[PDB]
Amino acid sequence: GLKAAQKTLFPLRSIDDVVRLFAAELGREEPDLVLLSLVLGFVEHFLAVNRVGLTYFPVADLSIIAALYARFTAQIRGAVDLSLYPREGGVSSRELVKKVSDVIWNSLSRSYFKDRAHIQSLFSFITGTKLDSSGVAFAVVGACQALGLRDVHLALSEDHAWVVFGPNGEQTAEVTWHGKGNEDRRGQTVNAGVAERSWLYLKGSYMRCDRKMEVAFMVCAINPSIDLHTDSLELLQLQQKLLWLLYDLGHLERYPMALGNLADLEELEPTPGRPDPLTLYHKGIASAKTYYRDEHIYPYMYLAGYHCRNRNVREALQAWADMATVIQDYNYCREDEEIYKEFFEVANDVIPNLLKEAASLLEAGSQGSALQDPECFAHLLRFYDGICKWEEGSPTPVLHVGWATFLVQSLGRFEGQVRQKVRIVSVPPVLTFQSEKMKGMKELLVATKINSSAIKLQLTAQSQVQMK
Numbered sequence: 002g003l004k005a006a007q008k009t010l011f012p013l014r015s016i017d018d019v020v021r022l023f024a025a026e027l028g029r030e031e032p033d034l035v036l037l038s039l040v041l042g043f044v045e046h047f048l049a050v051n052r053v074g075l076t077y078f079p080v081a082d083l084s085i086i087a088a089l090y091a092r093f094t095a096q097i098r099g100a101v102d103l104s105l106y107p108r109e110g111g112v113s114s115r116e117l118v119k120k121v122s123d124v125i126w127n128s129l130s131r132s133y134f135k136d137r138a139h140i141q142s143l144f145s146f147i148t149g150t151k152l153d154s155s156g157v158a159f160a161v162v163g164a165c166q167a168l169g170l171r172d173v174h175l176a177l178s179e180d181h182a183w184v185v186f187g188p189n190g191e192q193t194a195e196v197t198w199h200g201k202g203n204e205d206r207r208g209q210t211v212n213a214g215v216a217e218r219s220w221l222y223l224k225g226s227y228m229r230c231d232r233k234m235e236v237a238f239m240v241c242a243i244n245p246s247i248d249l250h251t252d253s254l255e256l257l258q259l260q261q262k263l264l265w266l267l268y269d270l271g272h273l274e275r276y277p278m279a280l281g282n283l284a285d286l287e288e289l290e291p292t293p294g295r296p297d298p299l300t301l302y303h304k305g306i307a308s309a310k311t312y313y314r315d316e317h318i319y320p321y322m323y324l325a326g327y328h329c330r331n332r333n334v335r336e337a338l339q340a341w342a343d344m345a346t347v348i349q350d351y352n353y354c355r356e357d358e359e360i361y362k363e364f365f366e367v368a369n370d371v372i373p374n375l376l377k378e379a380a381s382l383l384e385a386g399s400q401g402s403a404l405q406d407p408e409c410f411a412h413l414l415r416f417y418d419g420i421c422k423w424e425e426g427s428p429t430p431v432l433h434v435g436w437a438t439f440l441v442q443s444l445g446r447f448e449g450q451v452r453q454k455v456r457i458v459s460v461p549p550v551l552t553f554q555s556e557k558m559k560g561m562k563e564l565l566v567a568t569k570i571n572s573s574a575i576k577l578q579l580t581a582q583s584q585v586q587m588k
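Heads up: the sequence shown is residues 2 to 53, 74 to 386, 399 to 461, 549 to 588, going by the entry's author numbering.
1. Quick check on this structure: which residue in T9, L3, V20 has the alpha carbon closest to the alpha carbon of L264?
2. By the DSSP assignment, the beta strand (DSSP E) with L175 in it spans what residues?
3. In terms of residue numbering, what span does the beta strand (DSSP E) encompassing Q192 cover?
4. Spell out a yes or no on whether the segment 184-199 and the segment 107-120 are touching, meaning 3 or more CB-CB pairs, one atom from each, closer than 8 Å.
5. From the DSSP output, in three-state form, read off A567 for me.
6. Tell me whether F186 sits in a helix, a strand or coil according to DSSP, three-state version.
7. Under 8 Å by Cβ, that's how I've got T150 and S178 pegged, so tell me the actual separation to the nearest angstrom.
8. Can you list the alpha helix (DSSP H) stretches of 4 or more residues lying completely in the segment 271-319, in chain order?
9. Can you check DSSP and say which residues form a bridge with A81?
10. Could you please give me the residues that DSSP links to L551 through a beta bridge?
11. In chain order, which continuous runs of the beta strand (DSSP E) of length 3 or greater are located wholly inside the segment 130-178?
12. Name the residue from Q96, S427, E31 whose alpha carbon lies nearest to the alpha carbon of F146.
13. Are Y321 and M344 closer than 8 Å when you measure CB to CB?
14. Taking its Cβ as the centre, do 16 or more other Cβ atoms sit within 10 Å of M228, making it buried, or is it exposed?
15. Kindly list the residues whose CB is nearer than 8 Å to the CB of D17, restricted to its own chain and excluding five residues on each side of it in sequence; keep chain order.
16. Excluding sequence positions up to five away, which residues of its chain have a Cβ less than 8 Å from the Cβ of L270?
17. Following the continuous beta strand (DSSP E) through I247, name the residue where it begins and the one where it ends.
18. Quick one: give me the first and last residue of the alpha helix (DSSP H) that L375 is part of.
19. May I ask you to list the residues that DSSP assigns as paired with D252?
20. Which residue wins for smallest C-alpha separation from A87, given the options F43, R52, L48, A49?
21. Can you tell me the Cα-Cα spacing of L39 and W423, whole angstroms?
22. Whose C-alpha, out of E191, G208, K120, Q209, is nearest the C-alpha of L168?
23. Leaving out the 5 sequence neighbours to the left and right, which residues in its chain are closer than 8 Å to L256 when beta-carbon positions are compared?
24. Pair every Cβ in the segment 350-358 with every Cβ in the segment 331-341, then say whether three or more of these pairs are closer than 8 Å.
25. Assuming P32 and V240 are in contact, meaning their beta carbons sit under 8 Å apart, how far apart are those beta carbons, in whole angstroms?
26. Could you tell me how far apart the beta carbons of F364 and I420 are, in whole angstroms, since I believe they sit closer than 8 Å?
27. What's the C-alpha gap between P79 and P373?
28. Is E287 buried or exposed, if buried means 16 or more other CB atoms sit within 10 Å of its CB?
29. According to the neighbour-count rule (16 or more other Cβ atoms, all chains shown, within 10 Å of its Cβ), is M587 buried or exposed?
30. Apply the 10 Å Cβ neighbour rule to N212 and answer buried if 16 or more other Cβ atoms are within range, or exposed otherwise.
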């Protein structure tokens, strides 16, 4: 049950009242994940899903929130008999974690769109019997906290969620699905995925949350979207204030994606007296380097996106090259398609559009153009090099001829005299290639008119030209 001290701030009449509740719960040894998710889901429902009747803020009455809370705890306590799963050493068993996962899973509506907005919270679970993938993982952790299972915690990659538990928190269990059309692995470890060096499991350099980081997860999970063209200003402000609360308390230190989210929010609407977006993006990169062996892609993606939006071509190219330098040490595996799509879109859409505008501006007499900067040409080359090296050793290939036309066009946006300045140096501006594909392509990179046909042959598996 909710404790008297958890009840005293209600009713919550404003954004700032919600923030005060989060501050009060974060001052406890176990912030109450169920309470906090239900509150966020309630206000997100009445600020983004149905704004009918809204005049300022959807007041959250204790009676309403307590009844939702009681529905959740009744449904978990009645379905999970702890006596069947004795806790050896004050830690949980795999069978207990599987049972909790089953209880959440089996509660969900039989058929619904899993990609929908606003199905992340326990409010969605109780009122609509709908959750998205990571929403199930979070709900399992919240259920385990409600049961007294202090060792069960959320684990997060850049594209998936599961749990850690057990002796020293060293066990892993799948508790939800990943993507669409993949085979369920609920109950199993993540060790096969770690051992195959897929992006999905980050080579083991994934987040292992404490309770405070689980609060940060639900705050990052707030979705201000009303429709394709409209966000709730109220929810953006709430999320931003909550992220700064977490930041000040130290709970974003090990959470690169939260730092990126906060930077994005500051770019939209800066908070006076706070660090700039750029500072925050760089903090997210530093966090990844410090705590995650520099094995995360999104810290660089977030930075590159900022530079791209600000048409800072040099800076954007540098950050995408840095992205590619991370991915090069992975193997491209069967459930890694989201990061393939990101690299494909950068190479084959975003970079081409950026360089097309840069070429028009150069024609109009721009100075200091990325297209006249050999260091920028080197960043483009390093981006392709890391993608080629990623492909090496991978069970599934990355490149194909549909990449080749965009490579030739992008290369060609730099005049030959600029391209000539980069010295490509071998182990055993200056650039070293890691990939064999780019090493073989070196020869082709300085001609006044690039040999398109030869580039295509070198980038792809094709080794012959047409017969006739």
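Don't be surprised by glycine CBs; every beta carbon is placed ideally from N, CA and C.
The answer reads as follows:
1. Cα-wise, what sits closest to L264 is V20.
2. 174-177
3. 192-194 is the span of the beta strand (DSSP E), which, as asked, contains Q192.
4. yes
5. Three-state result, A567: coil.
6. strand
7. The Cβ separation is near 27 Å, so there is no contact.
8. DSSP runs (the alpha helix (DSSP H)) wholly in the segment 271-319: 277-289, 298-312.
9. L13
10. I457
11. At a cut-off of 3 residues, the continuous stretches assigned as beta strand (DSSP E) that sit fully inside the segment 130-178 are 174-177.
12. Among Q96, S427, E31, the Cα nearest to that of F146 belongs to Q96.
13. yes
14. Burial state of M228 is buried, judged by a 10 Å Cβ sphere holding 16 or more other Cβ atoms.
15. Within the same chain, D17 has close Cβ partners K262.
16. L27, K233
17. 246-248
18. 372-384
19. Beta-bridge partners assigned by DSSP to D252: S246.
20. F43
21. 42 Å
22. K120
23. Once the five neighbours on either side are set aside, the close Cβ partners of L256 are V44, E45, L48, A49, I243, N244, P245.
24. As far as the Cβ criterion goes, the segment 350-358 does not touch the segment 331-341, which means the pair count is below three.
25. The Cβ separation is near 11 Å, so there is no contact.
26. About 6 Å separates the beta carbon of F364 from that of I420, a gap short enough to meet the 8 Å contact definition.
27. Rounded to whole angstroms, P79 to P373 spans 45 Å at the Cα level.
28. The residue is buried, with at least 16 neighbouring Cβ atoms inside 10 Å.
29. The C-beta of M587 has fewer than 16 other C-beta atoms within 10 Å across all chains shown, which makes the residue exposed.
30. exposed
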